[PDB]
Protein chains: 2
Amino acid sequence: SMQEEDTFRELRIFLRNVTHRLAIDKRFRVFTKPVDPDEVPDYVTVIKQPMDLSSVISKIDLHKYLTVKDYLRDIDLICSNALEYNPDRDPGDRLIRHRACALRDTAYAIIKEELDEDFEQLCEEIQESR
Amino acid sequence: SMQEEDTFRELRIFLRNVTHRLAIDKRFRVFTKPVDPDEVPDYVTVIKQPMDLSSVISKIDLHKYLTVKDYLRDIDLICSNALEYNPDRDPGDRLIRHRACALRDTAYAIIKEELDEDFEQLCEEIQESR
Ligand SMILES: Cc1cncc(-c2ccc(N[C@@H]3CCNC[C@H]3OCC3CCS(=O)(=O)CC3)c3[nH]c(=O)c(C)cc23)c1
Ligand SMILES: Cc1cncc(-c2ccc(N[C@@H]3CCNC[C@H]3OCC3CCS(=O)(=O)CC3)c3[nH]c(=O)c(C)cc23)c1
């Protein structure tokens, strides 16, 4: 219905705003775009589902997220990919892992403060009906 | 169940084989990998969901296709993207559009000859039950 279309449109607006706020944070610059294959040639083979914030934006615009829960799976993916690909004790790996966890924590904190639980429940019940 | 897991495993095997046969065809080399942004800088802005045969393989391996119908949507996407991005009368555009339609026709012809309709129906009914 038109009312359900309005619901998903509001969701997309909410998700774009959260994603933009993450993307403009200097700490998360490394997650803003797909990895440069020249800098990490084995990334494509090691990480089976790459994810980044520009890709998240594209997925929002393609109507791929019907719930905030689905969105948070991709945010979690950005984080888990970073922990998987950069597991070492060296400062470089530890920096990106810290930033990865900070990205996840920040996304979850924004959603906790700004997502209405009844709005999310509505989205879930529309998703389940289809 | 284990029987349903076997069904989707057979599907993935079937889809990998079809995709490999398309990928080794010289005509379809242009569709084998994501576009080089240096050669087509405006592609990312013009084409909202890029698709290619290496990405199709990754999606198979990530269990993204539960039916051959879902697979054929991405094959159709490779084709429609080519018709959208290369619409002109020039020989270059007409060549890639011909190859795009040939890729689609070839995928559909292989599936018509080699996909058992009862196998596809089973996949669809498992997909619908979830
Ligand atoms: C400008 C740029 C463009 N494309 C990719 C990189 C990069 C480069 C190296 C990585 N991993 C290295 C694996 C081996 N040990 C050191 C690690 O680099 C640490 C470095 C710290 C600073 S940063 O800005 O967080 C980038 C990663 C990466 N590891 C990653 O997980 C990602 C997402 C990127 C990355 C950088
Ligand atoms: C080696 C390589 C790597 N990455 C991208 C290209 C490329 C380059 C140009 C395109 N479109 C042009 C737009 C303007 N008019 C001429 C068109 O090129 C025609 C050319 C014919 C030969 S081919 O091998 O089919 C590549 C396309 C493309 N148009 C496309 O749709 C795709 C998928 C690719 C492409 C080539």
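In what follows, every heavy atom counts, from backbone to side chain, and hydrogens, waters and symmetry copies are set aside. Lettering follows sequence order; numbering is per chain, from 1. We count ligands from 1, going down the list as the structure has it; atoms in each ligand are counted the same way.
- When A:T19, A:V68, A:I60 are each tested for a side chain to side chain contact (heavy atoms under 4.5 Å, CB included) with A:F14, only one passes: A:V68.
- Ranking the protein heavy atoms by distance from atom 31 (O) of ligand 1 puts A:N86 ND2, 2.7 Å first.
- The protein non-hydrogen atom at the shortest distance from atom 16 (C) of ligand 1 is A:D93 OD1, 3.2 Å.
- Side-chain atoms of A:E117 and A:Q121 include no donor-acceptor pair closer than 3.5 Å.
- Considering CG of B:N86 and CG of B:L95, their distance stands at 10.0 Å, rounded to 0.5 Å.
- A:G92 O, 3.5 Å is the protein heavy atom nearest to atom 21 (C) of ligand 1.
- A donor-acceptor pair shorter than 3.5 Å can be found between the side chains of A:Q127 and A:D70.
- The protein heavy atom nearest to atom 26 (C) of ligand 1 is A:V30 CG2, 3.9 Å.
- Remark: minimum distance from atom 30 (C) of ligand 1 to any protein heavy atom is reached at A:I96 CD1, 3.3 Å.
- If you check the side chains of B:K64 and A:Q49, you find a donor sitting under 3.5 Å from an acceptor.
- The part of B:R99 lying near ligand 2 is the side chain, judged by heavy-atom distances below 4.0 Å.
- Applying the 4.0 Å criterion to heavy atoms of A:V35 picks out, from ligand 1, the atoms 4 (N), 32 (C), 33 (C), 34 (C).
- Counting atoms of ligand 1 from 1 in the listed order, those under 4.0 Å from a heavy atom of A:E39 are 1 (C), 2 (C), 36 (C).
- Taking both residues in full, the closest heavy atoms of A:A102 and A:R27 are given as CB-NH1, 3.9 Å, listed atom of the first, atom of the second, then distance.
- Residue B:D36 touches ligand 2 through backbone and side chain together, judged by heavy-atom distances below 4.0 Å.
- Of the protein's heavy atoms, A:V40 CG1, 3.7 Å lies nearest to atom 8 (C) of ligand 1.
- A salt bridge does not link B:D61 to A:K48: none of the charged nitrogens lies less than 4.0 Å from a carboxylate oxygen.
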